[PDB]
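# An overview of the molecular structure
What follows is the residue order along each chain.
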Amino acid sequence: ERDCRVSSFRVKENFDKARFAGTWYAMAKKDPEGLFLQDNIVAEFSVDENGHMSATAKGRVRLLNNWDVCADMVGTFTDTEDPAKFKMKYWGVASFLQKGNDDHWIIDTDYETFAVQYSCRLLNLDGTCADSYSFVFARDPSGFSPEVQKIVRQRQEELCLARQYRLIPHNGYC
Ligand SMILES: CC1=C(/C=C/C(C)=C/C=C/C(C)=C/CO)C(C)(C)CCC1
């Protein structure tokens with residue numbers, strides 16, 4: 001019944017870049033294909049005078065060579081016709097870190113407690129996503145209250161990602 005076509009997903013209504021600024025702690029994530037951020041992920045979003053949103057992300061990555069590295073990532077966001085969907089160009093402080101361009105959608109957020117992000121890096125022919133990632137972020141590293149957990153679960157279901165997230169540890173590795 002429920003549609004899994006990317007184009008039908010609801011996003012944050014009238015998203016406010018300025019209220020979203022600040023520190024966000026990744027609590028859980030749905031990983032995409034390939035090398036990705038493993039844990040201890042913390043993001044810091046900022047918005048300049050002109051309305052340009054950017055962010056820096058910190059996190060542990062396990063290199064294919066088994067080297068554990070703390071990646072210092074940077075991302076710049078381009079606005080689209082939907083204030084909640086952005087085009088994010090990203091790169092690392094270190095030249096060997098992954099560089100790319102990914103859609104960045106804010107599915108939902110109350111700005112003060114939690115946020116649900118999503119990106120579809122490859123569309124199936126039917127319109128569903130073939131390779132996606134999603135992060136559940138929190139303002140507080142202690143997490144959310146049960147009431148908030150219930151809203152986050154619903155958003156997960158809405159993206160057709162229910163049961164596919166794993167909790168992320170924070171142990172100050174970076
Ligand atoms: C920039 C950035 C994002 C994505 C960073 C990525 C996609 C990092 C990938 C790390 C690579 C895979 C490490 C390779 O060793 C997130 C969405 C957290 C939000 C704001 C900052």
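Residues numbered from 1 in each chain as written, not as in the entry; some residues may be left out. Heavy atoms only, no water.

- Listed as the method for this PDB entry is X-ray crystallography; the listed resolution is 1.9 Å.

### What to know about the nonpolar core
- Counting residues in hydrophobic clusters, the biggest one holds 48 residues, and the most contacted among them are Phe15, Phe20, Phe45, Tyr118, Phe135 and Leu159.
- Ranked by the residues each element gives to this core, the list is headed by strand β8 (residues 129–138), at six residues.
- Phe15 has contacts with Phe20, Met53, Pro83, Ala84, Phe86, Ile106, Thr109 and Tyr111, leaving out every residue within four places of it along the chain. (Core = buried A, V, L, I, M, F, W, Y, C linked by side-chain atoms within 4.5 Å. Buried < 20%, exposed > 50% of the residue type's maximum accessible area, 1.4 Å probe, protein only. Helix = DSSP H or I, 4+ residues; strand = E, 2+ residues; numbered from the N terminus. Contact = heavy atoms within 4.5 Å.)

### Remarks on the UniProt feature "disulfide bond" in the protein chain
- Checking the UniProt disulfide annotation for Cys4 and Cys160 gives a sulfur-sulfur distance of 2.1 Å, short enough (under 2.5 Å) to count the bond as formed. Placement of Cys4 in the segment before α1 (17–20) and of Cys160 in the loop between α2 (146–158) and β9 (166–167) is noted, with a sequence separation of 156 residues between them.
- By relative accessible area, which is 31% here, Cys4 ends up partly exposed.
- Between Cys120 and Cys129, for which a disulfide is recorded in UniProt, an S-S distance of 2.1 Å is seen, short enough (under 2.5 Å) for the bond to be assigned. (Disulfide = S-S within 2.5 Å. UniProt positions renumbered as here; feature names shortened; annotations may be inferred.)

### Quick notes on the pairing of strand β6 (residues 100–109)
- Counting buried positions over the ten residues of β6 gives seven, a clear majority of the element.
- Relative to β6, strand β5 (residues 85–92) runs antiparallel, the two being bridged by six bridges. Within the sheet, the bridge partner assigned to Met88 lies in β6 and is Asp102.
- Where β6 and strand β7 (residues 114–123) come together, four bridges link them in antiparallel fashion. Bridge pairing in β7 places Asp108 opposite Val116. (Pairing = 2+ DSSP bridges.)

### Let's talk about the pattern of salt bridges
- Taken as a whole and judged by the stated rule, the model has 14 salt bridges.
- For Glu112, the salt bridge goes to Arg19, with nearest N and O atoms at 3.9 Å. One end of the pair, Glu112, is in the loop between β6 and β7; the other, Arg19, is in helix α1, and 93 residues separate them in sequence.
- A salt bridge links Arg121 to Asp102; its shortest N-O distance comes to 2.9 Å. Of the two residues, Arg121 sits in strand β7 while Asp102 sits in strand β6, which places them 19 residues apart along the sequence.
- Looking at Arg121, the relative accessible area reads 27%, which means it is partly exposed.
- Relative accessible area serves as the criterion here: at 7%, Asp102 is assigned to the buried category.
- Through salt bridges that share partners, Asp39, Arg60, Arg62 and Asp68 make up one connected network. (Salt bridge = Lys/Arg side-chain N within 4 Å of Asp/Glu carboxyl O.)

### A word on the site of the ligand
- Neighbouring residues of the ligand: 13 residues in total, closest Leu35, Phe36, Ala57, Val61 and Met88.
- Notes on the ligand: free accessible area 540 Å², of which the protein chains cover 99%.
- Put simply, the parts of the chain that give the shell around the ligand at least two residues each are β3 (53–62) and β5.
- Of the residues assigned to the shell around the ligand, the class counts are eleven nonpolar, two polar and no charged. (Near = heavy atom within 4 Å. Areas by Shrake-Rupley, 256 points an atom, 1.4 Å probe, with all protein chains shown as cover. Nonpolar A, V, L, I, M, F, W, Y, C, P; charged D, E, K, R; others polar.)

### Overview of the side chain of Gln156
- With respect to the helices and strands, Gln156 occurs in helix α2.
- Accessibility expressed as a relative area gives 14% for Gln156, which makes it buried.
- Contact partners of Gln156, with chain neighbours within four places excluded, come to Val136, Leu161, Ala162 and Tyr165.

### A few points about the packing of aromatic side chains
- Enumeration according to the criterion identifies 13 aromatic pairs in this entry.
- With centroids separated by 5.5 Å and ring planes inclined at 90°, the aromatic side chains of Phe9 and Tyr118 adopt a geometry described as edge-to-face. Note that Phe9 is positioned in the segment before α1 and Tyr118 in strand β7, a separation of 109 residues in sequence. This pair shows no difference in class: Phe9 is buried, exactly as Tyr118 is.
- Consider the rings of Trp105 and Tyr118, whose centres lie 6.2 Å apart with planes at 50°: the pair is tilted. With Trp105 in strand β6 and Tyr118 in strand β7, this pair connects stretches of sequence that are 13 residues apart. Taken as a pair, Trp105 and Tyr118 share a single burial class, namely buried. (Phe/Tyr/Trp six-rings, centres within 6.5 Å; stacked < 30°, edge-to-face > 60°.)

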